[PDB]
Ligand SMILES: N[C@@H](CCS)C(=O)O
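One chain comes next, on its own, written as structure tokens: the form solved without 2-amino-4-mercapto-butyric acid (HCS).
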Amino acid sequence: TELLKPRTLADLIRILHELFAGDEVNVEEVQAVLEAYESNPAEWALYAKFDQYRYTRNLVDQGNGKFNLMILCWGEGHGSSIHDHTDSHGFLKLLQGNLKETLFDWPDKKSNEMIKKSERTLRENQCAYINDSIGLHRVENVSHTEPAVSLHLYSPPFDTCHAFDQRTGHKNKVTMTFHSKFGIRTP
């Protein structure tokens, strides 16, 4: 439980394997460690594989079963759907640029427009936390000029979740696909 500053991304990953050695999760400690890692672009350039038309998800580490660690690359104007996190912890650390995070309440069964509960601006090196009990969220790169890169950790890992229609609150099941794994493009 002695948390040291991650010197490198590699160091971060090693520390993460220690924090997730057990069955439970100290959320505040994982968040503090993620925040303490100073983004060094050279260290994660291998995973920063962008697509022109939407954001990409690039697997960095499989966390020996307990978590997925991955890097998301957001072109100018790229955003996600409103989604849940499948009963997992979600950690989001900015490695480059800014993201807008918008929070939504779980919809009632009546068809209604989903209204924003709040929004915030995540900035370089900041780490945010989300879970289903906090709410639904959307993540967007609203920048016209700057690509964004984020580091995402999910525990337990999941490759399916729901997307929500902002107009109705209706949900559909969605399968997450990896654009690359361990620096290897995986079509």
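Numbering starts at 1 and runs along the sequence shown.
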Self-check item: Mean C-alpha temperature factor, higher of 80-88 and 112-120
Solution: 112-120
Quiz item: Looking at the entry, does 127-135 or 61-69 show the higher mean C-alpha B-factor?
Solution: 61-69
Practice problem: Please work out which residue in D159, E29, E43, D51 has the highest C-alpha B-factor recorded for this crystal structure. | Solution: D159
Quiz item: Against its chain's modelled residues, does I13's Cα B factor rank lowest, middle or highest third?
Solution: lowest
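Omitted here: the form deposited with 2-amino-4-mercapto-butyric acid (HCS) bound. The next part is about that form.
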Self-check item: Contact test in the entry with it bound: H83 vs 2-amino-4-mercapto-butyric acid (HCS), heavy atoms, 4.5 Å
Solution: yes
Self-check item: 2-amino-4-mercapto-butyric acid (HCS) contact in the entry with it bound: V139, any heavy atom under 4.5 Å
Solution: yes
Exercise. Using a 4.5 Å heavy atom cut-off, state whether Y154 contacts 2-amino-4-mercapto-butyric acid (HCS) in the entry with it bound.
Key: yes
Quiz prompt | Close approach of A163 to 2-amino-4-mercapto-butyric acid (HCS) in the entry with it bound, 4.5 Å, heavy atom | solution = no
Self-check item: Contact stretch among 44-52, 30-38, 59-67, 131-139 - heavy atom within 4.5 Å of 2-amino-4-mercapto-butyric acid (HCS) in the entry with it bound
Solution: 131-139
Quiz item: Hey, which residues along 166-182 are within 4.5 angstroms of 2-amino-4-mercapto-butyric acid (HCS) in the entry with it bound, non-hydrogen atoms only?
Solution: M176
